[PDB]
Amino acid sequence: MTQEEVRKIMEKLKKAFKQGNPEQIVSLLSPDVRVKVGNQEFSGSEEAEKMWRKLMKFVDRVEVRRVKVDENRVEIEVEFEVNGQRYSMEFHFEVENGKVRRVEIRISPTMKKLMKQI
């Protein structure tokens with residue numbers, strides 16, 4: 001995969017987060033996208049859509065702080081507002097064939113308790 005293509009997906013991802021629209025994200029996901037959140041792993045674009053829709057509907061606002069691109073891997077640092085508080089979580093994407101094959105969501109310790117509700 002070409003870095004220009006990898007950068008293209010990254011822009012759409014950042015656009016998807018900024019818009020706050022779930023529809024843009026699902027189109028980017030592979031049918032068999034593997035999602036890792038801490039010690040828990042699951043797969044499927046349908047099962048993924050559930051938590052992403054639950055997450056973005058939960059948060060009042062969502063903002064992209066930092067973006068990193070290395071080979072086919074794209075890191076997007078995302079900030080949001082919950083309970084009058086700013087918190088962040090990192091989205092580590094593995095991108096293949098114009099879609100996202102694998103996503104790892106690393107979440108901050110302070111943001112690690114209320115998030116069992118996702």
# chains A, B, ... in the order shown; residues from 1 in each chain; ligands from 1
call {"tool": "residues_around", "arguments": {"residues": "residue 91 (chain A)", "least_positions_apart": "6", "cutoff": "12 Å", "atoms": "only C-alpha atoms", "output": "count of residues only"}}
result
30
call {"tool": "select_by_dssp", "arguments": {"residues": "region 1-44 of chain A", "states": "alpha helix (DSSP H)", "output": "MDAnalysis selection string"}}
result
chainID A and resid 3:19 22:28
call {"tool": "write_last_selection", "arguments": {"atoms": "N, CA, C and O atoms", "output": "compact mmCIF listing (two decimals), in the first residue's frame"}}
result
# COMPACT_ATOMS: atom_id res chain seq x y z
N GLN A 3 1.98 5.11 0.64
CA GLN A 3 1.85 6.09 1.71
C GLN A 3 0.85 7.20 1.38
O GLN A 3 0.17 7.71 2.27
N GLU A 4 0.77 7.56 0.10
CA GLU A 4 -0.21 8.55 -0.34
C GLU A 4 -1.63 8.04 -0.12
O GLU A 4 -2.52 8.79 0.25
N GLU A 5 -1.81 6.74 -0.33
CA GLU A 5 -3.10 6.10 -0.06
C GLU A 5 -3.33 6.01 1.44
O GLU A 5 -4.42 6.30 1.93
N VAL A 6 -2.29 5.62 2.18
CA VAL A 6 -2.37 5.52 3.63
C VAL A 6 -2.70 6.87 4.25
O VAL A 6 -3.48 6.96 5.20
N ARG A 7 -2.11 7.93 3.70
CA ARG A 7 -2.39 9.28 4.16
C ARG A 7 -3.82 9.69 3.81
O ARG A 7 -4.44 10.47 4.52
N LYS A 8 -4.33 9.15 2.70
CA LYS A 8 -5.68 9.47 2.25
C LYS A 8 -6.72 8.89 3.21
O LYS A 8 -7.69 9.57 3.56
N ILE A 9 -6.52 7.65 3.62
CA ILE A 9 -7.41 7.01 4.58
C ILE A 9 -7.36 7.75 5.91
O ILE A 9 -8.38 7.95 6.56
N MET A 10 -6.15 8.18 6.29
CA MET A 10 -5.94 8.89 7.54
C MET A 10 -6.74 10.19 7.60
O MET A 10 -7.29 10.54 8.64
N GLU A 11 -6.81 10.89 6.48
CA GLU A 11 -7.57 12.13 6.40
C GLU A 11 -9.06 11.87 6.58
O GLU A 11 -9.74 12.60 7.29
N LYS A 12 -9.55 10.81 5.94
CA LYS A 12 -10.96 10.43 6.06
C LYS A 12 -11.30 10.02 7.48
O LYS A 12 -12.39 10.29 7.98
N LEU A 13 -10.35 9.35 8.13
CA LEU A 13 -10.49 8.97 9.53
C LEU A 13 -10.61 10.21 10.41
O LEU A 13 -11.55 10.34 11.19
N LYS A 14 -9.65 11.13 10.26
CA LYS A 14 -9.66 12.38 11.01
C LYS A 14 -10.92 13.18 10.71
O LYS A 14 -11.45 13.87 11.57
N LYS A 15 -11.39 13.07 9.47
CA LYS A 15 -12.63 13.73 9.06
C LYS A 15 -13.82 13.07 9.74
O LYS A 15 -14.77 13.74 10.15
N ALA A 16 -13.76 11.74 9.86
CA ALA A 16 -14.83 10.98 10.49
C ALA A 16 -14.96 11.32 11.97
O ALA A 16 -16.07 11.46 12.49
N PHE A 17 -13.83 11.47 12.65
CA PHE A 17 -13.82 11.86 14.06
C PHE A 17 -14.32 13.29 14.24
O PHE A 17 -15.12 13.56 15.13
N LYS A 18 -13.85 14.19 13.38
CA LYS A 18 -14.18 15.60 13.49
C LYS A 18 -15.67 15.86 13.27
O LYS A 18 -16.30 16.62 14.00
N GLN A 19 -16.23 15.21 12.25
CA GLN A 19 -17.65 15.35 11.94
C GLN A 19 -18.53 14.80 13.06
O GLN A 19 -19.62 15.30 13.30
N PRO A 22 -20.93 8.58 12.71
CA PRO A 22 -20.59 7.16 12.69
C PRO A 22 -20.57 6.55 11.29
O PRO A 22 -19.83 5.59 11.05
N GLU A 23 -21.37 7.11 10.38
CA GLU A 23 -21.52 6.56 9.03
C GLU A 23 -20.20 6.54 8.26
O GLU A 23 -19.94 5.60 7.50
N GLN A 24 -19.38 7.56 8.45
CA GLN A 24 -18.12 7.68 7.74
C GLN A 24 -17.12 6.61 8.18
O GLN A 24 -16.31 6.14 7.38
N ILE A 25 -17.18 6.23 9.45
CA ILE A 25 -16.24 5.28 10.02
C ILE A 25 -16.50 3.85 9.55
O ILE A 25 -15.57 3.13 9.19
N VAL A 26 -17.77 3.45 9.55
CA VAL A 26 -18.15 2.09 9.18
C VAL A 26 -17.72 1.76 7.76
O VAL A 26 -17.31 0.63 7.47
N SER A 27 -17.80 2.74 6.86
CA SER A 27 -17.43 2.54 5.47
C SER A 27 -15.94 2.26 5.32
O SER A 27 -15.51 1.61 4.36
N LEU A 28 -15.16 2.74 6.28
CA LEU A 28 -13.70 2.59 6.25
C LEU A 28 -13.26 1.24 6.80
O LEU A 28 -12.16 0.76 6.49
call {"tool": "closest_residue", "arguments": {"among": "A:30, A:97, A:2, A:83", "to": "residue 114 (chain A)", "atoms": "only C-alpha atoms"}}
result
A:83
call {"tool": "select_by_dssp", "arguments": {"residues": "chain A", "states": "strand (DSSP E or B)", "output": "PyMOL selection string"}}
result
chain A and resi 29-37+40-43+62-70+73-81+86-96+99-107
call {"tool": "atom_distance", "arguments": {"atom1": "CA of residue 56 (chain A)", "atom2": "CA of residue 92 (chain A)"}}
result
17.2 Å
call {"tool": "residues_around", "arguments": {"residues": "residue 58 (chain A)", "least_positions_apart": "6", "cutoff": "10 Å", "atoms": "only C-alpha atoms", "output": "MDAnalysis selection string"}}
result
chainID A and resid 52 81:82 117:118
call {"tool": "write_last_selection", "arguments": {"atoms": "N, CA and C atoms", "output": "mmCIF file, in the first residue's frame"}}
result
data_model
loop_
_atom_site.group_PDB
_atom_site.id
_atom_site.type_symbol
_atom_site.label_atom_id
_atom_site.label_comp_id
_atom_site.auth_asym_id
_atom_site.auth_seq_id
_atom_site.Cartn_x
_atom_site.Cartn_y
_atom_site.Cartn_z
ATOM 1 N N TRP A 52 -18.558 1.904 18.586
ATOM 2 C CA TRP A 52 -18.215 3.208 18.031
ATOM 3 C C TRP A 52 -19.422 4.141 18.073
ATOM 4 N N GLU A 81 -15.059 15.428 25.573
ATOM 5 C CA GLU A 81 -15.564 16.032 26.802
ATOM 6 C C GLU A 81 -16.621 15.150 27.470
ATOM 7 N N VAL A 82 -16.357 14.765 28.717
ATOM 8 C CA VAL A 82 -17.280 13.952 29.506
ATOM 9 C C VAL A 82 -17.313 14.420 30.959
ATOM 10 N N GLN A 117 -18.873 0.513 30.383
ATOM 11 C CA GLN A 117 -20.230 0.755 29.909
ATOM 12 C C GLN A 117 -20.271 0.993 28.401
ATOM 13 N N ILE A 118 -19.392 0.312 27.674
ATOM 14 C CA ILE A 118 -19.331 0.433 26.222
ATOM 15 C C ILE A 118 -19.325 -0.944 25.571
#
call {"tool": "closest_residue", "arguments": {"among": "A:1, A:88, A:101, A:111", "to": "residue 44 (chain A)", "atoms": "only C-alpha atoms"}}
result
A:101
call {"tool": "atom_distance", "arguments": {"atom1": "CA of residue 55 (chain A)", "atom2": "CA of residue 80 (chain A)"}}
result
10.5 Å
